[PDB]
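Form deposited in one PDB entry, single chain, as structure tokens, below.
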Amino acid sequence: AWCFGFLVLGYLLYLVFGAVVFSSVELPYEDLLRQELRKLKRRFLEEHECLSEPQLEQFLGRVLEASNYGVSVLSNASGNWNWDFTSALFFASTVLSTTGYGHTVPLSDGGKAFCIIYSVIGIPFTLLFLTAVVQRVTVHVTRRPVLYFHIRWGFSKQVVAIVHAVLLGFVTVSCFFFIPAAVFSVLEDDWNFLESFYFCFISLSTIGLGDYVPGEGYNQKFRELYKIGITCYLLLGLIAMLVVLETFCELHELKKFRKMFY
């Protein structure tokens, strides 16, 4: 009934809350870096006294645009190749999965045209693949065992459904957040558990903001195999998430909530 307006107001106010706290958290840091660059650049020109400021600007602009794409001039402009076939496979999985990883400017002019045609057919297609798998998977993982819980012990399905949903909710977080976060943290030599879990969450959830992809390690050994394994893991984790989500919707308490709310 009228409560629907309450949800909209609460949600929009929640968004405002998120915005203000994000600004407070990131404003002193960004200001600190801004001040740091505003002294470092000036210092560079000061001590050298041999280089000109307008002339430096063209070089800085070109390199910065290059790093916006994702190619760095560091290491004699010879870092780990960024657009090899394997990384492209990770990129395609992340576009279809809607995680959308990539750099500040991800694709060149021609590649933005192609993405549109590729994705516009491949999003309903991947969605069709995902729904079919969760459908087939959910019957085997969740509905059929609930019947086993219902037949052998002969007690209320609703009690089983809540308990089954929570236990599944725990295993998937255990198996697909805590364990992978540990794996990535030990593997990558520049991360810790919090940051690795951040990547896990932002990957299994389809946010995928920015890039922040494990694999940018210089002189990585099995970079290709790593890339293809984190792609299969990503897609499959989205399935597991899209199964625990499905079971929660089936629950009487949650499905009743949405209907009573409306």
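Each form is matched to the other, and the largest set of C-alpha atoms that superpose within 1.5 Å is called the rigid core. Residue numbers here begin at 1 and follow the sequence given.
Beyond what is shown, the protein has a form deposited in another entry; the following relates to that form.
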property: Sole residue of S119, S93, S185, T142 shifting 2 angstroms or more in CA between this form and the one not shown, core aligned; result: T142
property: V173 C-alpha relocation of at least 2 Å between this form and the one not shown, rigid core basis; result: no
property: Rigid core fit then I239 CA moved by 2 Å or more between this form and the one not shown; result: no
property: Rigid core fit then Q58 CA moved by 2 Å or more between this form and the one not shown; result: yes
property: Distance trend in that other deposited form - C-alpha atoms of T104 and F125, change of 3 Å or more; result: closer
property: Direction of C-alpha distance change in that other deposited form, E195 to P106 (at least 3 Å); result: farther
